[PDB]
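Peer 1: Input: one structure, supplied below.
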Amino acid sequence: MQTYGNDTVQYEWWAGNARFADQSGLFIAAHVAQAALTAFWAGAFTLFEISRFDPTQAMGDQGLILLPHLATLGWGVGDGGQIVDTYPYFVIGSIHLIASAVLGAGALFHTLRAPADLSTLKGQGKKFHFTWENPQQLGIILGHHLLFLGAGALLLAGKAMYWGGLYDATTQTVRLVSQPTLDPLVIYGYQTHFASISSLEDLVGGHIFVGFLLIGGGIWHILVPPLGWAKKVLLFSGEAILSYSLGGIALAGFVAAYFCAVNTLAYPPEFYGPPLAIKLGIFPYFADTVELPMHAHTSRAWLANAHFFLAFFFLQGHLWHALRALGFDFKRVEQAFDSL
Amino acid sequence: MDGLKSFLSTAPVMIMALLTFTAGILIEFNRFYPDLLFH
Amino acid sequence: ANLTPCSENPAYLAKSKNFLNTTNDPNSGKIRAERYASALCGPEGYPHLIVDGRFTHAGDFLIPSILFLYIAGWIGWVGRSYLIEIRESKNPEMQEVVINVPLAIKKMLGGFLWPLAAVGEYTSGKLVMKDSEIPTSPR
Amino acid sequence: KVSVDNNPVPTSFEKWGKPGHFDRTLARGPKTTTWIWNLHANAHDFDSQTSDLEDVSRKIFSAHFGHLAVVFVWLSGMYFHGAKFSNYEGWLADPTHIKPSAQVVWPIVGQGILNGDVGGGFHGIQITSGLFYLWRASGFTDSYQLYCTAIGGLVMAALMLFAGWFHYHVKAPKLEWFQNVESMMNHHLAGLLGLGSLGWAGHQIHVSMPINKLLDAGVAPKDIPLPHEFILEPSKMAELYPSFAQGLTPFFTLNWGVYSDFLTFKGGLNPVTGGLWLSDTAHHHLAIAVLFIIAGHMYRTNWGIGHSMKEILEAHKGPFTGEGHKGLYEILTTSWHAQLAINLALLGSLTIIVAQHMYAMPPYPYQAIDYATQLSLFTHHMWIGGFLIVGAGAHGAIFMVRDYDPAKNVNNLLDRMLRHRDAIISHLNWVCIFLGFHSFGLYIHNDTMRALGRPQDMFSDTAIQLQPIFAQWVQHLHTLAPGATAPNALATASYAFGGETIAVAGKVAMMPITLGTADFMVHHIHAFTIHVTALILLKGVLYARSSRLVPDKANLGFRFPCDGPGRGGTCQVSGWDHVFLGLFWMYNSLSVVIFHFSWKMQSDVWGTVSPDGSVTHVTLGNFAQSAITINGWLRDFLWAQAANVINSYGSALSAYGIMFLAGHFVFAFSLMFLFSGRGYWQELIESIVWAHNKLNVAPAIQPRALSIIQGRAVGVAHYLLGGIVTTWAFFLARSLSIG
Amino acid sequence: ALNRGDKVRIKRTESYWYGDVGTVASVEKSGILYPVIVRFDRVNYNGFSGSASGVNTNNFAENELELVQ
Ligand code: CLA
Ligand code: CLA
Ligand code: CLA
Ligand code: CLA
Ligand SMILES: CC1=C(/C=C/C(C)=C/C=C/C(C)=C/C=C/C=C(C)/C=C/C=C(C)/C=C/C2=C(C)CCCC2(C)C)C(C)(C)CCC1
Ligand SMILES: CC1=C(/C=C/C(C)=C/C=C/C(C)=C\C=C\C=C(C)\C=C\C=C(C)\C=C\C2=C(C)CCCC2(C)C)C(C)(C)CCC1
Ligand SMILES: CC1=C(C/C=C(\C)CCC[C@H](C)CCC[C@H](C)CCCC(C)C)C(=O)c2ccccc2C1=O
Ligand code: SF4
């Protein structure tokens, strides 16, 4: 936390998650409980989407949110964009459900059996003890999360190359994509038309390039400690790293909301509905060209608008926490109105 | 505004905000699910 | 019962063809006409409510009944324990005139444990006061 | 002569969280729940908070600006609802057939049935306020002008709010600025009333006359020229009136006779649209502007000429009146309640004059045809006028209790009138009893003569007839007026005195109202109830100081329940309880007045018209021989005409039925507060405090019953609310059913 | 035989506070009939109609008070 003086600070219940921000074990426990909640939502809602799926209609009109996310990977897709056999969606939903179960079990284990601070441990638990002031352990955690995201990108790459086939909007069948792009100059040139790429080989080439970039960043962050040039320009607290991550996930949400509404192959038009139109009224939303009867919207509209609004409010959360990390009081803005 | 938080938490404004929230959720539940004499 | 069900009543089938649209949904009268078909009606074509306690008609009475018996108890417990925790701070009069709205929001959220808390307060003796320490009126 | 103090009160929000700070006994602490009611009973009693005549006056001035913001946001809501959610351009396309509606209802629980088919495919609730005819009289064409007028009204609402904050917390005026009453009087005469009348005379000349002229010619909407295009091109105005080619130059040389083609003295009604002539009202507002600004220079302020009112009041003293008005100029510039009593009396009588003039001379186009607009505007202005007159009777008593100093006004008119209070009230109640027997016992007498089967002994026209000869002679003089005693007037002042039947769109605008013996009896009923309400309020004014029952009434206050059960009993003896009784008597008086209006106008005036000249009315002429009986008032009026409120379910007039029954509920709920006393409810509430103390849920705010004055106040409030809501629902549903 | 600030229940059987607890503000000298000044938090029905509050302090006797401390 910030703690502009008053080192022994007490937070009330409406800021109740600020109480464990200094301790270590509850800091692990709350986050793995949150990951259990995300895995539970994923598995339980693709099961709920299998429960409320009709094969006599098109996909995106009935609010199909997760089954197009699995059909773009090409798991149970047939011919012409038709889904007749849904075994592996139920398989990955059950996998995510039991994964949420074991993650919640570990969360309650760290809340109950593991102590608050990991400095009282003796074996490997003392090596996992972290503080918001030393950047070395934070760099180790940073590099290992970099390595895990790179491993996830490599798993997606193997799903595109060896472990299965992806889906395209041209042939509307599965496709075993091999021999991707190997040139980084055209990847440097992809900063202008990244929204419409229209080729899956370029997609898996960009994915293996960003995956190898992530592995390089991971081994770089594990190998060298963080330097001194960034410690003079970046703040080192809980709310500072919270702010950097909040701005990162808000930018990622804006990027994903732009990617959802205009793409055609990473979001097929028969699975998510037609591509959208960026329409600014009061706020910039995404409207469909055709109008659904029961005031309804496609999955593309729901995904793009929800991710845009969540990215917007996460940007203001980054703003709140980043101004908090710079020393602002925030009753100073109430004292500025009260002095007036 | 150390007095505006106390004025917005007086009895009439809080009971009007609570009745506005109650009437709001009642009207919304009666729009999306109308005409429920029983269960 | 002597009342005909709405699935075969002639007056109800004559009146269901022109049920008025209440909301902005133009098919609201038709979906009401098929929703009220499960109920039973008299000789006028209006759905009566069996209230005797039989569970085959519990959806008429008992299913909303206990639903209200949650929410009223919720409001009652939120109104009761809040008064207890403003029995003293420094002065209860201003805390009853202006609301300590974080304390009120805390009770308003935590009020959904009210029936187990009611049996707990009844067993602990802190629910019902004694018949002698209560400020009664003179006879 | 401006005296302004700079920053008297700091602007702060911390006082908003401490309710009851304005009074000394409320800011201590809410030990009891009656403090809550006292917080609303003394929130505007500015004379009990401050006692220096300077803080209260600037508090009043800023309160006037706040209330002006409330009226401006209300007027903005009317123009915004007429812009967005109405059919004003659709009604302007066809005014005779379709009906106006300026409120659309959200269909949520089945209340979409309130959006009745008002004509032209537009759904909504048909308005009866009749401000659409105001807009057609002013010259509105499309909804964008109403929208920009609503926007400008909200701008002036925020402007009046900023002026209130500026005049209380930044630059507040002194007491000498408020006591400059001669400067206030002549500025309000010339610069507010006369200058505003000249502004509306200019708008009626330039905008309201040419637009209504070509609308009476038959020009469709989206073909009228814009109102500024008549000023930008004066040829379009000169082709409608020949006098506009003469320019401003005949006005300054007193050649006003060439202006006679567009400043006419026609009078009567316009036969094409069924309203007043717009040239007549333009000439009218110009004449009122000239007379007011002439009278706006009577009082001296700084330049020597002018009447200071002090020696005006000094000069009027006769033999009966002692020292005359010696002291009233010091009274009316040092006490706001005496000014409030005079202004509420004259604004109440003005509002009743407004109602009594806006039915026989309908000033708006297509207003007399719409019977619902005419009936609603009449009765609403009647009720506002009667309410303000009761407030005059209240603030007279408050002036007597807390603003009357007897050492300053010795042997003047106020002291002499308080010295013979018995010789005033003991004749006022005599004429109350004489009018009561001779206006109600007439009704009982012919009720009994009709019930005993002898109609030849009644007070009918075929029976012993009480012909009202004086108003019939006055109607004869008004019929004989144009040509003998008003030679430049073509028609009469109205067609209610005598003349032809004005028919516009198959309905009757105004036909002559003959006065039989039923109008004789009901006018004496009106004079009787006016005398009783002017008895209760006048004996609340005079007997507020002291009496022979209780001579210590000034020290007890204006608003106290009683002196006690002694002297036989002294409950309802204050000056407040006379207002409490006068409110019911105003309710009874105005209910009979609007009943006489509604029945006489829908039996002898309104109805459809036929092309051979015969007129059939709505109730086929019932007022002649059946308005003289109490059973006739019950059967032929309250039973026969309430059927349109009764049988209107599943239709557009369905909310009026559940407002009819609602008003009956609030009347019957008022009887609980009026009949019962406090000590029963205190003895019951303390038992509920026992039942709360058994479960440890008794509140630390001590819960106890209302005060005795509070119980009478909520009783009279729910009584007047329930009766007026019942009459509102009945009048609106009936006159919307008859067209 | 009471101190200054101890809780005590009332057994007046005719007062407003009958069974309610009160704090003894002071005990006056002997000889007088009702020396025990007791103050309460709940005011009684006192004053004119429409008054914002009443009184709480009162002189009580010794044999009609039950000490609860
Ligand atoms: C990476 C995500 C993240 C994390 C870890 C935190 C963590 C923290 N924030 Mg926070 N915040 C975030 C995002 C995040 N915030 C965003 C995106 C916003 C913008 C809206 C804010 C705005 C914000 C404010 C304004 C404040 C905090 C505060 C705090 C600290 C106290 C704990 C707390 O939140 O109270 C516990 C949380 C609750 C009691 C929840 C409140 C209940 C809300 C109103 C209901 C949820 C709204 C809605 C229904 C959500 C669903 C959306 C949609 C599906 C309908 C804690 C360190 C507080 C602080 O620093 O004080 C010490 C503080 O005052 N945050
Ligand atoms: C929330 C506080 C609260 C609670 C727990 C109770 C509880 C009770 N009241 Mg009650 N009452 C309350 C407030 C409350 N009252 C208020 C504010 C009033 C004034 C309108 C009354 C007037 C009242 C009467 C006249 C009677 C009772 C009776 C009773 C008892 C029977 C149940 C009943 O009929 O209640 C039903 C409750 C009502 C009819 C009125 C309460 C309605 C309000 C809206 C409830 C919520 C109040 C408050 C705004 C919530 C506070 C929330 C907090 C966070 C601020 C029961 C012990 C009866 C009795 O003596 O039983 C033997 C009885 O005859 N009450
Ligand atoms: C120019 C108009 C005017 C002004 C400035 C005043 C000003 C004043 N009057 Mg007053 N009065 C007026 C007109 C006016 N009156 C009229 C026309 C009447 C006759 C009805 C009265 C009758 C009257 C009485 C009987 C008393 C006053 C008193 C007072 C003083 C204190 C006001 C107070 O405490 O009320 C604060 C405000 C309220 C209590 C709000 C009243 C709410 C009403 C009752 C309900 C409104 C019903 C509503 C329209 C319907 C919808 C509600 C619901 C159904 C949704 C104050 C100087 C009092 C006084 O001087 O005592 C010493 C007093 O006892 N007045
Ligand atoms: C319908 C019920 C009713 C009736 C009849 C009256 C009647 C009267 N009220 Mg009244 N009043 C009422 C309800 C009623 N009030 C209510 C509800 C309130 C509450 C606010 C008031 C408040 C009120 C005040 C505040 C005042 C009156 C006054 C009066 C008297 C005015 C004089 C008059 O009209 O001549 C007399 C008229 C009648 C008696 C009615 C005519 C009936 C016939 C003609 C008489 C019977 C004929 C014969 C005697 C029968 C003989 C049979 C034999 C066996 C005896 C009158 C007696 C005033 C007063 O007394 O001073 C003047 C007064 O100041 N009233
Ligand atoms: C708040 C809080 C917290 C947190 C926690 C959490 C948030 C949790 C979560 C957790 C979770 C979230 C969990 C999950 C679980 C899971 C489960 C419970 C599952 C189950 C399922 C099943 C068993 C299924 C089955 C199946 C299959 C497999 C297939 C076939 C069919 C079926 C569907 C049947 C803590 C403690 C830290 C602290 C305090 C507070
Ligand atoms: C089922 C049913 C029925 C029956 C019922 C009955 C028969 C009843 C009875 C009843 C009774 C026999 C009752 C008793 C009671 C008693 C008492 C004694 C009570 C208690 C209460 C209390 C104590 C309160 C408390 C509370 C709560 C709980 C919550 C809130 C707060 C308060 C505090 C208020 C019928 C037939 C109708 C119909 C069908 C169904
Ligand atoms: C019933 C009654 C009471 C008791 C009055 C009470 C208990 C007042 C009731 C007030 C309750 C709390 C209702 C609240 C009033 C309004 C409904 C508040 C509006 C709140 C909404 C806007 C939410 C008296 O004190 C009294 C005194 C003198 C003569 C007659 C009577 C009398 O008849
Ligand atoms: S009944 Fe009430 S108002 Fe009348 S004297 Fe007795 S206490 Fe006073």
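So basically every Cβ, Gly included, is an ideal-geometry build from the backbone, and we count neighbours across all protein chains shown. Only the coordinates and a few stated rules stand behind these numbers; no lab work does.
Peer 1: If each DSSP helix of 4+ residues adds -39,500 (n - 2.57) and the sum is divided by the residues in chain A, what number results at 222 nm, nearest 500 deg cm²/dmol?
Peer 2: Values: 9 runs with 173 residues, N = 340.
One gets -17500 deg cm²/dmol as the mean residue ellipticity at 222 nm.
Peer 1: Between A:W163 and A:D183, take the C-beta separation as r, use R0 = 30 Å, and let me know the FRET efficiency to the nearest 0.05. If you can, show how the numbers build up before the last one.
Peer 2: Numbers: r = 25 Å, r/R0 = 0.84.
Efficiency, from the Cβ-Cβ distance: 0.75.
Peer 1: Do any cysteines in chain D lack another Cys Cβ under 4.7 Å, and if so which?
Peer 2: D:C148, D:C432
Peer 1: Turning to a different aspect of this structure: Need one number: nm distance between label points at C:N2 and D:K15, each 7 Å from Cα along Cα→Cβ, rounded to one decimal.
Peer 2: The modelled label-to-label distance comes out at 7.2 nm.
Peer 1: Please give the FRET efficiency for A:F128 paired with B:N30, using the beta carbon to beta carbon distance and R0 = 56 Å, rounded to the nearest 0.05. Provide the component values of the computation, followed by the final result.
Peer 2: Numbers: r = 54 Å, r/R0 = 0.96.
It comes to 0.55.
Peer 1: So, one more: Taking D:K174 as the anchor, which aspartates and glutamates have their alpha carbon closer than 12 Å to its alpha carbon, excluding any fewer than eight residues away along the same chain?
Peer 2: D:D5, D:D52, D:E54, D:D55
Peer 1: Give me the distance between the Cα centres of segment A:241-274 and segment D:17-37, rounded to whole Å.
Peer 2: 57
Peer 1: In terms of Cα to Cα distance under 29 Å, which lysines are near enough to D:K236, apart from those fewer than 8 places away along the same chain?
Peer 2: Within the straight-line cut-off, D:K236 pairs with D:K213, D:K222, D:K266.
Peer 1: Could you give the length gained by full extension between D:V219 and D:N411, i.e. 0.36 nm per residue of separation minus their alpha carbon distance, to one decimal place?
Peer 2: Values: separation 192, 0.36 × 192 = 69.12 nm, distance 6.80 nm.
Contour length minus the Cα-Cα distance gives 62.3 nm.
Peer 1: Suppose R0 equals 60 Å; then what is the FRET efficiency for D:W430 and D:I688 from their Cβ-Cβ distance, rounded to the nearest 0.05? Working shown, then result.
Peer 2: Working: r = 49 Å, r/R0 = 0.82.
Efficiency, rounded to the nearest 0.05: 0.75.
Peer 1: For the residue pair D:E323 and D:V155, what label-to-label distance in nm results when each label sits 7 Å from Cα along the Cα-to-beta-carbon direction?
Peer 2: Calculated label separation equals 5.5 nm.
Peer 1: Hey, another quick one. Filter the DSSP H helices in chain D by two things, a Kyte-Doolittle mean of at least 1.0 and an axial alpha-carbon span of 27 angstrom or more, and list the hits by number. Please report the intermediate quantities before stating the final value.
Peer 2: Numbers: long enough: D:55-83 (42 Å, 0.69); D:143-165 (33 Å, 1.33); D:336-357 (31 Å, 1.10); D:371-402 (47 Å, 0.90); D:421-451 (43 Å, 0.39); D:517-542 (37 Å, 1.21); D:575-604 (43 Å, 0.37); D:657-675 (28 Å, 2.08); D:708-737 (43 Å, 1.05).
Long hydrophobic helices here: D:143-165, D:336-357, D:517-542, D:657-675, D:708-737.
Peer 1: Using alpha-carbon positions, what is the distance between the centroids of segment D:230-259 and segment D:116-165, in Å?
Peer 2: Value for the Cα centre distance between the two parts: 32 Å.
Peer 1: Okay, moving on. Can you list the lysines whose alpha carbon is less than 22 Å from that of D:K15, not counting same-chain residues fewer than 8 positions off?
Peer 2: Cα-Cα hits under 22 Å: A:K331, B:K5, C:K90, D:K31, D:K59, D:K171.
Peer 1: While we're on this one: Run through segment C:1-97 and list the GluC sites (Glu not before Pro) located in a DSSP loop whose Cβ has at most 11 other Cβ atoms within 10 Å.
Peer 2: Numbers: sites: C:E8, C:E34, C:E44, C:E85, C:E88, C:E93, C:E96; in loops: C:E8, C:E44, C:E85, C:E88.
Here the GluC sites (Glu not before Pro) that fit, given the DSSP loop and packing criteria, are C:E8, C:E44, C:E88.
Peer 1: Pop out the ³J(HN,Hα) list for segment A:62-74 in order, Karplus 6.51 cos²θ - 1.76 cosθ + 1.60 with θ = phi - 60°, rounded to Hz; leave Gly and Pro as x.
Peer 2: Whole-Hz 3J(HN,Hα) from phi for segment A:62-74: 8, x, 7, 9, 9, 5, x, 5, 8, 7, 5, 6, x.
Peer 1: Test of the criteria: in segment D:623-691, which chymotrypsin sites (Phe, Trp or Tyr not before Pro) are in a DSSP loop and have at most 13 other Cβ atoms within 10 angstrom of their Cβ? Mind showing how you got there, number by number?
Peer 2: Values: sites: D:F623, D:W633, D:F637, D:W639, D:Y649, D:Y656, D:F660, D:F665, D:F667, D:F669, D:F673, D:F675, D:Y680, D:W681, D:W690; in loops: D:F623, D:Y649, D:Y656.
Sites meeting the loop and neighbour criteria: D:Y649.
Peer 1: Can you find, among D:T264, D:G66, D:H21, the residue sitting farthest towards the positive end of the charge dipole of chain D, where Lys and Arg contribute +1 and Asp and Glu -1 at Cβ?
Peer 2: D:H21
Peer 1: Let me ask another. Using +1 at the Cβ of each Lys and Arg and -1 at the Cβ of each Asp and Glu in the protein assembly as shown, identify which of D:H283, A:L292, A:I83 lies farthest towards the dipole's positive end.
Peer 2: Looking along the dipole axis, the top candidate is D:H283.
Peer 1: May I ask for the percentage of alpha-carbon pairs in segment D:20-119 that lie more than 20 Å from each other? Show your work: numbers first, answer last.
Peer 2: Working: 3204 of 4950 pairs.
For segment D:20-119, the fraction of Cα-Cα distances above 20 Å is 65 percent.
Peer 1: Another question, then. Compute the separation of the alpha-carbon centres of segment A:62-123 and chain E and state it in Å as a whole number.
Peer 2: Centre-to-centre distance over Cα atoms comes out at 69 Å.
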